[PDB]
Every structure is written in C-alpha cells, then in structure tokens.
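Let us start with two forms of the same protein chain, each given on its own as structure tokens and named structure 1 and structure 2.
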Structure 1
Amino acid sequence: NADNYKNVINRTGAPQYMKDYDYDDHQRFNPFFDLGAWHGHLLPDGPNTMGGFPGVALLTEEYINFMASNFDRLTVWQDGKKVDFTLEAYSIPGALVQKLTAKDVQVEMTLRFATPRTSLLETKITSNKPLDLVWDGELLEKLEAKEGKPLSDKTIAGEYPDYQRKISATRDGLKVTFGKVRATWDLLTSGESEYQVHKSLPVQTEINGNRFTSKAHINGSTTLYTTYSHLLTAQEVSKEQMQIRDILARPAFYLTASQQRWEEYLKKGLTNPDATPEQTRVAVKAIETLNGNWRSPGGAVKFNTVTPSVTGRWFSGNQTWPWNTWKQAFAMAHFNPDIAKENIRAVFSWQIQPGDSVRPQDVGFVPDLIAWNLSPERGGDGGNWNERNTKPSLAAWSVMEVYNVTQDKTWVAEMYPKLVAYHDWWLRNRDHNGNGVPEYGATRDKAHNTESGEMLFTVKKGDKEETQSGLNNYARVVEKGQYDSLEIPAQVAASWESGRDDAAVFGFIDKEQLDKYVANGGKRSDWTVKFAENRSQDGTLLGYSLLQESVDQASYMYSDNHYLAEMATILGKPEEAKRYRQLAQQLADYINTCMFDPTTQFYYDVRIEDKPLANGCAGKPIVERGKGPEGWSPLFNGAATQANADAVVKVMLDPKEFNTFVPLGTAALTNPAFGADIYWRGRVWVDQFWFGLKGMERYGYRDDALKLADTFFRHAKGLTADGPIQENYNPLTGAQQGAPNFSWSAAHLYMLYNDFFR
C-alpha cells in the first residue's frame, strides 16, 4: 500500500529560476519523475501555488531546468465567487496528490506517469452546482539563484537568445515550443522539442506573451483528465499523439497500470518488515529515488538507463556511468528487474567495436560516460561523453543478480559475449607486464597525450606551471625531484577508472600532507607514480598503465571471472567455464601472495617494480601510502583466504583505522593523505561501506557487520529526515555532502535495509 508512505522525501517547491540551485549547483527541489519520463513535477508549497503542481522540471537532454513556477494551475469560480480552498498535498511512491476542500466544492488531483514521455493528471471535482474553471500559467524569466538568492540578473531569454519560447493553443489544451539551444553545460534542445498539455474536455485558451489563461464551464461534478508531455524531437512529438489520445480515452487503464506497478515495487522490495518504521521509510525513499533517476531512451542512448541523480548539476539527463549502473542494477533487480536489465544494456550498447572510427585499439572498452549527445570526436556536440577511462569490473555481478531474480536464460545469452569482450579489453589494454593482473590506466586521448603519442604532464614550482610531454622525460623529471608538484592527466584518468577520484593510493596527496610524511621519515619518492605505455608489437598505442596493480580491480575481476564461469555453464560452454574458473583462481593466488601484507594485516595495491620479486609478484604492496577500502575488496569478492580475512576484519573494526563515528570510510585515519572533507581520502560512501559489510559476512563476521550497520543508522546525519539522499558522509561527524537524490547511495541504503538492518 503506497498510501502508508506519505512524503518520504520533501517534494514541495515553487521555483523562481531556471537554475534554482543549492550551494553545490544542484536543483534545490525534488521533483517526481516516473516511467523514465523527461519531465517532473513538484507539490504546491502553499496558497501561492495551490491548484497546480509547480515547477515543471524539463530534462533538456543532459540537464535539469525548470520551465515555469505555476503552469496549468486551477482556480475555481462559482457564480463569480472565487472558491477559497483548503490545501492538503502529499507524495506517495508513484504519485503526487493534492486535495482542495471548500464548503460547496472539493477537488482531488492525482498525478501519475502514463508513458515514458507523458504524465497523467486526474482532476476529480465534486460540486452541487455548475462551476467555471480557470487554469493559468507563466514561463520563468530569471536564470539562476543559489539557496533562493539570485547569482546574477541574467534572464533566460537574455542568456539564450535562440530559445525563443512560445505558447500555442489547441482545442484541448496548449503547448510550449522551444528553439534550438546548444549550451554545452547548461541547456540543450533540438529546436523541435515541445511541452504539450492535452485535456479530456475542450478549454478556451488565451495567450499573452509568455502567460496563458484557459477556461472551461462544467455543469457539476466531473472527473477531468490532463496529459503533460515533454517531447524532445519532432519524431517524439509525432509518436506520442496516439498515446495521448489513448490515455484520454481510457485514463483508468493508465492510473491502474501505475498503481499496480508501484504496489509490485513495494511488495517485491520491502522484504524486511521487522525493520523499524524509520528503516522501512529509508528503503521506500531509496526505491523512489532509484525509479526517479531512471530515464527512457533518448538521443544516442537507445535503452532505458539510470543516472546518478535527476536533480544533479552534472548527473542529470540520461548521463550514464558503468559502475553506477552495475550497483543500481544489482539493487533494482530485487524490485524493478525490467529496468535493471535495460540499464545494463544501455551501458554495453556503446562498447567499442572492431573497426571503431575513434579508438579501434580499444575493442571491448566500455565508455565512462555516455549521454544523449555524442562527443565532437563521434560527430556530436556533447561535452560530457567521456572515453578517457572505464570503471571497475562489476558488470557480470549485476547481470547474474538479474538472472538470479528472473531466472531468464535469454538474458544470460545476450550479455555473456559483451562481458567476455570487456574482460578481454582489460587483459589487452591494461596489463603492461603481461601477468594477467590488470592495472588502472588511461586511454589514448587528447587529454592524455600529444597527437604523436607522447604522455602529457605539467611540472609546478612556485608560481610556474610548465607543460611537458614524453614518458622518458617524465621518468627523468621524477628521478630528479626538481618540482613542488606534478599534474598528470593520465594519473587523474587512472583514479577515475577506479571510480575513486584522487584517492591516496594513486599518488594523490596534498603538499602539507606530503611534507609531514617526509618529516616523519618517509621518502617523497614513495608517493611518485610511474607510468608505462601499452603498445602492440605492430606499433599501435593502446593506452597507458599506471605501473601499479590495484587490489580492488584484481578482486572485482576475480568475482567477474567466477560469474562468467557460471554463465558459461548455464549456456553449455563447459570449456569456457573452465577457463574463467582457472583465471579466477590465479587472480586469487596473486591477490593473496602479492597484495596481502601479513605485517600490517591488510591488502594493498602493488607497484610494478623494475624487476619482479622472488615470489613472482610484480612488486611489494604499497603499505607506505596507507590503508583504503580497496583493502576489503578481496573479502567482498571472495578472493581472500580465511586467515587473511580474519586479519583484515580486525583492522576494519579498529577505531584507530576504520571504525569511526560513521565507519568504513575511503581512507583509514592512519593514511598519510586522509582528510574528512576529501571525497575519496576519508569520506564514507554507502557502496564501499556495504561492500565491507558483505565481505565481513562472507568470512563469518555477520554479527560485527550488523553492529556497524546499526552505528551507521544512528550516526549518518539526515537518514531519518525527509531530505534527499546524498553521496557521502564525514567519518568523524556524520555530516552529508554531495548531489541530492544520488542513485548508488539509494541502491546501497536499500541493500543495507535488506541485508543488515536486522
């Protein structure tokens, strides 16, 4: 029953700016989106907005932008007297509801989504008398504010002179048309996009600049239906008309469709009724959040996908990342498997294929960021599309969870080959020393190297920034140490490839931190990163590797290999199954032999040193750069021996290391590069926390995992309030940072509800 969970997130708001941002540039209100639609709605905040759902949020290809404060807001007149209504408004999973109550007239408005482009409003009017209905709307004028305060006096029309918004009428409603705007970071339209309003009765619409007023007379009680459609191309506009007509012909079919779909999400999803009411509401919040970030096919992305946040400054539209998808799809397999499947298809739909025009050397590669608009390199004008790096190998894990739920063999058959191609890419383009253990690295890209193939880097000394190129040059510079710091685009890309941007283990340490490290008796050379080019015997530059093998990716590949073997077995490929099991076993051996340090009782990346060690390992574990969440990856993924897991868990539970106010953060308190304000050098993310708890359970420490989950529930700020889900937490204070409505936080909070709030 969706009605048991009213207002889990605050969805009220009356936007006054196209960009009505919070402190960190995210839209500061939380509109309701469903069915992968490309528009969203808010609840009225009071008398000024009652009668409508203010703040039509448009997803303009890659960004969320508000269109209007009031739009299609109802006012009711009875014999020339304006009805003064009492307002009650709330959200439930799958709907917005607004009730307007007066003596002689009552209105109940229920807003649900009907198609991937269309929301449906039921306006149920009860009256003992005929009434005159007036709907009004006005497009926004002002561009941008922060925390409700204008950032400039720019106007929408001033900033985007080609936008040239215009309202037009039809017999059953109205529409807004939009000119072509290609503002790479702000506002992207085709020139054919429209926002259409159609109703189940004729209305008389007048237009005055960027305002409208529509009228209708009714003889008494009636239920009216209204469709709202954001359509992004001429082809979408044409296709949606038949759906709109069907919706207005049989609105009950669509309302029931949405009611039933949401009853199923909650029935399948809420499988821990012994959780506390507050814990259950957190799960419901997570479900609402995940489904709201789902987007239907659009532009270059021909599948339903899920983005990190529909309200996010840089996460909105249909911008899609691989390891976000793997995590989200894993969680959503347990309540919305149809879309989990789609999301996985969306990512792999842009896997690099043989003969690729841009990077034929990268067959099997999965781009880091795909979106509506292709990059200039692929013939589009998209500024977000990114092929500098991929993300870690969690794909097979998510594919197999969708199979576990659906038991659909056709699914395994379609994904298996894409998973294999991805695996093969790692081993061709990210294994410099040919030992079957991957490195993180960087593709051949304008960001990383010259046209002729020389790696870029910048030397900084005082106020000087000296851009340079060439690996030979880089090696000479670092041996010599004549600089204050270095900026290396390939290093940044390697950290992005791990998903842990600017993490300590990849050589990221601030000047003060490094100075303290050296003062304490460490060497500056302990933090220098080395690189190698990966080149085929025929001269083709494949990319760059960090001369470092990372324990998380080794562990993820280990489990990925075992899932591949499970898929091969299901598909009657016994030899391929054997090969993946054997590859998995070798990775476990390497992880335990090379990446485990018995002295500090933890796992670490290893260097690829000039010569291998006596035990065959590429180099020693990088104990100097401190402990991080990669250290429990061998537990999560099942690579660790029991003895090694025993050791790791002791460190996890040590308040000196990871057992902080909010525990299991992204660097131990003992890590020389730790900061409680640094995203991937101390802050706690829900994915890495849950990976830790699952790792603990896998090796016999479930009871300890339950205690850490309880500590998280008590100390993570905002968890039981009605605010949107964010990205991470301060490990010392529990304070939140990051984009609101963040998908993988929602994913892993949901799985924490499922697995560890018990």
Structure 2
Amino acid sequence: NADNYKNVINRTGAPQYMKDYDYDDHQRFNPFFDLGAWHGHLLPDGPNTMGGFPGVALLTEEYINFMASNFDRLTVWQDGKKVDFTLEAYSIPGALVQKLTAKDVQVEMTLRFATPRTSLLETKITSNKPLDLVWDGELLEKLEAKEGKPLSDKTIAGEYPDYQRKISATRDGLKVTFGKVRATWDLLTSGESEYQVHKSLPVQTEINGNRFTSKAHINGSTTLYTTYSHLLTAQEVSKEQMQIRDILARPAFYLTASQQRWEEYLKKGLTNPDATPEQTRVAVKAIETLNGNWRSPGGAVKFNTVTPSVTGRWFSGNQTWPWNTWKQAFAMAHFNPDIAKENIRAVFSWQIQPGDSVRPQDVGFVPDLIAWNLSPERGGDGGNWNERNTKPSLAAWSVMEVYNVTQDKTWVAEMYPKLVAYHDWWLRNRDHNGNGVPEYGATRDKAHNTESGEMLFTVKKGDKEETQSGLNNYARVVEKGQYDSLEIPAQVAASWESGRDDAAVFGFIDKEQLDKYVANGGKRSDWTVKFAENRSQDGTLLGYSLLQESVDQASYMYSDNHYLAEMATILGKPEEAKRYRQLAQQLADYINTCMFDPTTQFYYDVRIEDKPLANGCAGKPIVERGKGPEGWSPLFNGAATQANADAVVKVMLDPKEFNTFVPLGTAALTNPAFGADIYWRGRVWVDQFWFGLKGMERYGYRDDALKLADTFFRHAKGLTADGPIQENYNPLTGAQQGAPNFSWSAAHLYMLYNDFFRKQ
C-alpha cells in the first residue's frame, strides 16, 4: 500500500530559476509527474511554500523548464486574521500530500493526476466558522543557476523576448499564455501552449504583472477541487476543456482511478518476499522514477514512451532511445506492462520503411533518438532527432519479457516483423566483411559525408584544422599519422551506436595512461580503431563500420536470433525458427572460437585485420586494450560454453580484476586505460552489473551473484537514502554520478530487487 512508502525520493524544493541546474546541468529538484503528463509538481519545504505545491515544471516538448516557485498557494484568514499553520508534506507512490494543522482550521491537500495533460488537486478544508481563502502565485524571472548559485544575471524575458508570458483571469480561475519560442537546445513552445487553472468554486482574481492574488469565501468545512493543465497545442487546449468539466463533476472517480492504478503497480511490482524493507523501498524508488519518465503521445511521437530522465538536460521531453528503452521495458513489464509495450512501439514507430524519402537504403533501421520535433530533413525544426546511428539491440529480449509476463500471443505477432526487419538491417548495413558477425557503425548522413558519398573528416594539429573527404585520403592520413587528433563524424557516431562514449575497447585513453602503456612495451598504434565503409553490390553506400567486431554486439546478436527463434515457434513458423537457431549457433561458434583468449581466460573484441585468420576469425582478440564488461556479455546472452564461462567468472570474482568495493565496473583494475571516476573506463553501471549477475547465474554461479548483490547493496552510495537514482558508481569509493532519475538504473535496480537482493 502507498502509505507505507512516504518520501522515497526527496521531492521538496522552491525553484528560483527556469534552469535551476545542478553541477551537470540537470534540474536539481525531483517533480512529481504521472500518467505521461507534461507538467509536474514539487512539495513545499517550509513557511514560504506551505499551502501550495511549488515548482511548476513544464515539459516544453523536449526539455524541462520551471515556470513558477509559488503558484496557487493557499493561505487562510478568519476575521481578518491570518491562520498560522504547521506543515507536514510528503510524497507517496502516485501522489503528493500536505497537511496544514491549526487550532480552529485544518487543511488536507492531495494532488494526483487525472489525464495525460491535467493534474488534480483536492483541497479539504475543515472549519467550524466561515473563512476567507487567498491563493497567490508568481512566475519566475531569473534564467539560470548551478547548485543554487546564479550563472548570470540573465532574465527569462530578456533571453526570450517572444515568450511574452501573460497571466490572464478566466470564468473559473486563471491561465498562463506562452508565445512561440524555438530555442532548439533550451526551450520549445508552439505559440499556443498554456498552463490552465480551473476551480470548483467562483473566485475573484487580481493580476499584477507576473504575479496574481485570488480570493473566495466559504461558510465552513468544504472540499474544493482544482485542475492544473499544461497544454502544448491549440488542439490540446480545446480538447481538454471537456475533460476538465468531467473531472470537477466527478473528482472521486479520478482520485480513485489513480489511487487504484498505483496500488496495482505496487502489487504487481513487489514480488520478492526475501527482500528486506530497505530493498523493497529501493524497488519502489525505481517504480516511481520509471513512471515519472513516462510521457504520453506528444508531437511526432504517436505513442506513450519513456525517457532516460525527465529532469535530465538532454533526456527530457519525450526524447526516446532504443537502448535504454529495451532495459526500461524489460523492467516495466513486471509492473506497468501497458506502458512498457508502448515504449517499445514508440521506438519502432519510426523504423525505416521501403521508399523512405531520407534513407531508403536503411530499411529496418531504428533511429538513435526520436522526439517531439522531427529533424529539418523530415519537416520539423528539431535539433535532437538523430539517424546518424542506432544503438545496441536487445529488442527481442525486451519484447520477450513482456510476453513472459503477460502471455499475449498477439503482442508477439505485432512485434515479430518489426524485429525481423531490424535484424536484417544489421546484416545488410553493419557487416563490412560479409562474415555474419556485426560491427558497430554509422549511417549515411549530412554530417558523415558529401553528396557523392565521400566520407568527411577533420585533421587537427596544434591550432590547425583541415577538413577533407574520402576513404582514400583517410587511409593515407592515418598511415602518416601526423596529427594530434582526427575527428570523423561517422566514427564519432559509432561510439554512440556502441552504447559507450569514452570506452577503452574503442581506443580512448588519456596521455598519462597511454605513456605508461608504451613504457610497458606497447605501441601507440594498438589504440587506433580503423574505420571503413559499407557498400552494396550495386556500389550504393549503406553506412560505415568500425574495423573491429565487438563481443557484446555479437552476443546481443545471439540473443536476437535466440529470441526470434522462440517468437517464431510461438507464431507457428517452424522453418523461420530453424534458420534463427542456426544463425545463433554460428554466432556462439564465432564468439567462443574467435573472441575468447585462453591465455588471460576472458572474452574480447576482435580487429578486422587486413586479412582474416586460418580459423575464419576477422582478427585476434584485442587483449592488449584490457578487460571490460563486454567480456561477460557472452555469459549473459548465453553464447558462452560452460568452460569459457567458468573462466570468466574466475576473473569477475577476482579482487584484482572486477571484484572491487562496488563490483563489475566498466573496466578491470588491470585495464591500461582504467580510471575509477571515468564513466566507461572504470565506473559501475547497474545494467552491466546485472548483465553480469544474470550471466554468472545462467552458468551455475547463483550463490556468487547473491554475494556480489549484497556487496553492491552495502557499498553503493545512497542506495537507501532519499536521493534520486543516478547513472553510475566509482568502483573504489561508491560515489554516485550522472543524471538524477536515470531510468535504466531504475530499470535494473528494480531487477536487482526482483532477482538478487535478499535478507542477509
């Protein structure tokens, strides 16, 4: 029951700036969103906010921007005298609650969500005499701050002259109008968006520039109702009036709907009886977090989706990525299965079709990033929407977990063809050596190449830049190697497509570390990831590949074939299933044979060397760039043989390798590029962690995973505090880092609850 879980996350705070950013540019507060709505609310922290839920957070299509600190804050007056209240404020799963206590008057305010654009406040007043009610509010003025401190003296209206915010009174409340602003990286409004306030009683309203006062009289105890609605289009504004009228006409129905929606989340969700109360509350933090990141249809995205973080700088709006989607939907299938199915649908709703007007050669491609606004290339003015690359595909796994939970045959029939086209695209456009095993890469694009299809790249040295074109020139410039750095947009995009930005296995390594690598007898060339282009037989360019085959990528492909075979068998396709089992078999054979080094007893990526080996392997395992989580991807995805897996677990459990203060980080201590505070070269991510625990388990090492889970739990910082879920942990110290309310950490924290956490 909800009440058992008060203040799981700290949702207090009084924003002072539109961008009230923390150190990494994320909104430093944690607003309550639900039902996919495009606004959210914080709790009051003291006297100045008491009587209201401060911090109206607006989701301006692709970003989170605060509107007001105080907005619709109640204050109570009896015989011209202000009533003095003391405050209790708390969140629960699915609602914010605050109570104001005094001698002769008491107020109970409960804020829940009614529709995907409209939240509902219930104000329950209890009094033995008549009362005068004052609500007040004030829009924000100041622009930007970091850690509470201002970065400038810039004002919101200065920065956006065409915003022209205007508070206006109405027949049953007030409203805020917003002018058109197309600040592509900051603030995005249609020109007809609004924040509407509607009340269940007549009120009298005074507007004073960018603040308001509103008054009313009541005879005694009474429960009144208020709607708050952020609406982004003229068409939304019209289509809501009707739904506001039905909420005020029957509030209890909507409270009850929400109230019940959440009891069912918690019921379906909290299914591990071995878990401790502390661990069960971590699971609920994740469910809240995950549900908060759920957005309803909005702009170009016709489905309900889930973003990496609603308070994130670049993860807000309905901006959706396939990678974290699979992880999110795997977890949310175990509690909010409806929206898990929609998240998957949303990612596949812009899958490339035959005859596409941008990339007809990318059929099956699933974009890296979809959002409210399409790219100029597709008709919109969006700067985030991205088809430079996809991301690593665990689609079939994620789709199969929803079916595991629901048993819905029609779900599998819906998805199968979407997945098969994605599978086919990998093999056609990401297998430079037609050898059956994928590379990470990039697509053909404005940013990657000329209109002739000649790959762009910039050569840098000292203060000198030199943009050039063509794979011929690129090859040469690399051979000579007379540059400080070499920027290839297409190669930059394949690091995105890898899922890891700074990774050792893709050649990234700081001066001082590389120097010690050389002093230990390495050559600098060992860290140079070559790059090539994929052409059809017709000579058409299809994209690019890293001249390197990644072991995680091959493992995910094994999974893809594995699950597509089961899906095929379920849909009564025995011959398509036999073919996927065979592809799977060839991938396991290639992974074990080509990517496992018996010497160091672990898996690694392979180079696509200029000529293949005697055993069909495109190259030798890239052991010289150290070990990392990809090493146990074959265990997780089930590609590994019992023996090879036995070896990998030996390494994983070794204190000098991956078994650290927080285990299973993103580079072993023995990696040459290792850095404890480096995101993808040391720091522990919960997904990788969990892939690893599952991997041990699958090959008989459940009790060892349970140990590591207990270590993770005792050591990972803040896990049982009330702070938002973040991205990763330093493996030596436990410090958290990365964006608050990070979905996939929630996805996988939740699954750690479901699989491995227990009473010790």
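For numbering, take structure 1's sequence and count from 1. Just so we're on the same page, rigid core means the largest C-alpha set that superposes within 1.5 Å between forms.
- Considering 458, 592, 177, 351, one residue stands apart with a C-alpha shift of at least 2 Å between structure 1 and structure 2 following superposition on the core, and it is 458.
- Put the two forms on the same core and the Cα of residue 449 is off by 2 Å or more between structure 1 and structure 2.
- With the core held fixed between structure 1 and structure 2, residue 158 has its Cα displaced by under 2 Å.
- Relative to the superposed rigid core, the position of the CA of residue 485 differs between structure 1 and structure 2 by 2 Å or more.
- With both forms fitted on their core, the C-alpha atom of residue 367 sits 0.7 Å from where it sits in the other form; this compares the forms between structure 1 and structure 2.
- Core fit done between structure 1 and structure 2; CA of residue 168 shifted by 1.1 Å.
- Taking the core as reference, the C-alpha deviation of residue 476 between structure 1 and structure 2 is 2.2 Å.
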